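See structure below.
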Amino acid sequence: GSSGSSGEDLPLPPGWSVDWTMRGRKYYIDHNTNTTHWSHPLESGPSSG
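Heads up: the sequence shown begins at 1 in the deposited numbering, then just goes up one per residue.
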């Protein structure tokens with residue numbers, strides 16, 4: 001099935017941007033709050049809609 005809950009490339013909100021570090025980790029950046037998150041912002045308590 002799924003590798004291991006690595007990610008679902010969910011539709012990031014307006015203002016966010018994902019980037020891979022040298023090592024090879026995927027992190028999401030929030031330009032609205034100026035903060036980073038290892039896991040998707042919608043995955044853990046999205047509270048969007």
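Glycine residues also receive a C-beta, built at the ideal position from the N, C-alpha and C atoms.
Tell me which residues share the same chain as residue i and place their Cβ nearer than 6 Å to its Cβ, disregarding the 5 neighbours each side in the sequence.
{"i": "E43", "result": "none"}
{"i": "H37", "result": "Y28"}
{"i": "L10", "result": "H40, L42"}
Check the Cβ-Cβ distances between residue i and every residue of chain D, and say whether any is below 9 Å.
{"i": "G45", "result": "Reference to chain D is not applicable here, since this structure consists of a single protein chain."}
Could you check which residue in the options has the C-alpha nearest to that of residue i?
{"i": "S5", "options": "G45, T33, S47, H40", "result": "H40"}
{"i": "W16", "options": "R23, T35, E8", "result": "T35"}
{"i": "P46", "options": "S2, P13, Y27", "result": "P13"}
DSSP on residue i, reduced to helix/strand/coil?
{"i": "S17", "result": "strand"}
{"i": "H37", "result": "strand"}
Looking only at DSSP bridge pairs, what is residue i linked to?
{"i": "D30", "result": "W16, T35"}
Which residues in the same chain as residue i place their Cβ atom closer than 8 Å to its Cβ, once the five residues preceding and following it in sequence are excluded?
{"i": "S48", "result": "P13, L42"}
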